[PDB]
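A short worksheet on the structure shown next.
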There are 2 protein chains.
Amino acid sequence: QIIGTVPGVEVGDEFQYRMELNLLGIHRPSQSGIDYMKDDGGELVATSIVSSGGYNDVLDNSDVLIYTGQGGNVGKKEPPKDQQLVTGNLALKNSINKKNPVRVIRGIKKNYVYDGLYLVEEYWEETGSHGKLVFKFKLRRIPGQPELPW
Amino acid sequence: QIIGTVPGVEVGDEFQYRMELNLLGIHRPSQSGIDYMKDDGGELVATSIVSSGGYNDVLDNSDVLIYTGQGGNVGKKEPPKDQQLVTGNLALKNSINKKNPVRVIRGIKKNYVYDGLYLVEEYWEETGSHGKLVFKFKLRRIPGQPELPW
DNA sequence: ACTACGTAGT
DNA sequence: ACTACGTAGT
Ligand SMILES: [Mg+2]
Ligand SMILES: [Mg+2]
Ligand SMILES: [Mg+2]
Ligand SMILES: [Mg+2]
Ligand SMILES: [Mg+2]
Ligand SMILES: [Mg+2]
């Protein structure tokens with residue numbers, strides 16, 4: 001697994017299945033929206049995220065993206081509960097301090113497009129109608145990359 | 001979807017994922033063990049089955065295979081119930097009379113191998129320890145095809 | 001064992 | 001809506 005640009009993967013490239021992102025090293029998980037690793041000194045850091053309408057996120061053609069954390073049963077669900085600051089959610093949070101590039105794959109209505117590298121600027125806790133905590137991650141697209149239309 | 005041999009697919013060919021069987025027209029479903037269609041006169045007929053240890057089936061190097069029907073919660077399960085003679089289970093049963101070739105894909109411990117064409121000779125009802133009905137399909141490998149080792 | 005922004009078909 | 005002999009990762 002790598003952090004940042006993946007060789008042979010261009011901004012704007014389109015993919016049919018999630019497993020292609022696995023083979024090409026873009027996004028290893030099969031379902032999980034967030035992928036991560038441990039760096040020099042076992043601290044979780046995000047490497048790639050996928051926003052395909054599975055949660056609350058609505059994507060516009062801006063440079064700033066709001067990404068919802070995983071868990072708490074929101075989307076394909078089961079009774080609601082608090083989200084946890086572990087694994088992918090934790091990794092995205094640590095990526096704020098480490099200032100590492102995070103790949104972003106957007107789902108299109110074949111089905112996936114690589115939109116380039118982003119930086120996790122911050123995060124916070126929201127309390128939806130459930131009565132439970134959800135995480136929101138504010139990511140900004142690193143300037144210089146090719147633009148993509150929608 | 002086709003009945004019988006698929007062009008470019010040889011007996012002994014190996015595949016990594018189920019979706020390859022979908023693309024090459026070997027086995028369209030993503031999880032379901034049985035694939036089927038309606039022929040001239042809307043009667044369900046099986047086209048391909050997959051035996052990858054998901055149920056009770058144990059495969060030897062014989063020409064006769066015993067295939068368990070789907071449903072009734074057996075394998076990845078949820079309370080037990082009777083299996084139903086619908087869809088794939090029904091299609092395999094009708095394939096007995098229609099005497100049509102049925103493709104067989106065996107799972108290996110990359111992960112899938114095409115073992116050739118089979119004929120559904122018969123079927124019957126078993127009553128497991130659940131107290132519920134399960135279907136058993138007796139298939140025989142059509143003579144003449146290349147042999148495969150295990 | 002459990003999770004998980006999957007995936008096709010009916 | 002529901003099903004389903006999936007699939008990777010922890
Ligand atoms: Mg909001
Ligand atoms: Mg028996
Ligand atoms: Mg669908
Ligand atoms: Mg149906
Ligand atoms: Mg596994
Ligand atoms: Mg874990």
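Throughout, protein chains are lettered first and strands after them, A, B, ... in sequence-line order, and every chain is numbered starting at 1. Reckoned from all heavy atoms, side chains included, excluding hydrogens, waters and symmetry mates.
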Nearest-Å distance, OH (B:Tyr17) to P (D:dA8)? 4 Å
Take atom P in D:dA4 and the same atom in C:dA4, then report the distance between them in whole Å. 23 Å
Whether A:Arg103 side chain and A:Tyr114 backbone form a donor-acceptor pair below 3.5 Å: no
Can you classify the ring geometry of A:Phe137 versus A:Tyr123 as parallel (below 30°), tilted (30 to 60°) or perpendicular (above 60°)? parallel
Using both distances under 3.5 Å as the test, list the Watson-Crick or G-U wobble partner of C:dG6, or none. none
Between P on C:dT7 and CG on A:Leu21, what's the gap in Å once rounded to a whole number? 9 Å
Does A:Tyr36 stack onto the base of D:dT10, taking stacking as ring centres under 5.5 Å apart and planes under 30° apart? no
When you measure from the side chain of A:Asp57, which nucleotide among C:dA8, C:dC5, D:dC5 comes out closest? C:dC5
Please name all residues satisfying side-chain hydrogen bond (donor to acceptor under 3.5 Å, both in side chains) with A:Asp35, sequence neighbours left out, ordered by chain then number. A:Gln1, A:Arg28
How is A:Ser30 classified with respect to the nucleic acid when contacts are heavy atoms under 4.0 Å: base, sugar-phosphate, or nothing? base
Looking only at atom types and distance, does a side-chain atom of B:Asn100 sit under 3.5 Å from a main-chain N or O of B:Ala46, one as donor and one as acceptor? yes
B:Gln31 vs B:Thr87, nearer the 5' end of DNA chain C by closest nucleotide: B:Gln31
Can you check whether A:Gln70 has a side-chain N or O nearer than 4.0 Å to OP1 or OP2 of C:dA4? no
Whole-Å distance, A:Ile26 CD1 to C:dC5 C1', equals 16 Å
In whole angstroms, the gap separating P of D:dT7 from CG of B:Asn111 amounts to 7 Å
Expected output: side-chain A:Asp63 to main-chain A:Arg141 donor-acceptor under 3.5 Å: no
Scan A:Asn22 against the nucleic acid and name what it touches under 4.0 Å (heavy atoms): base, sugar-phosphate only, or nothing. sugar-phosphate
Which nucleotide in the set D:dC5, C:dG6, C:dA8 lies at the smallest distance from any side-chain heavy atom of B:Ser32? D:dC5
Does D:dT10 have its OP1 or OP2 closer than 4.0 Å to a side-chain nitrogen or oxygen of A:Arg28? yes
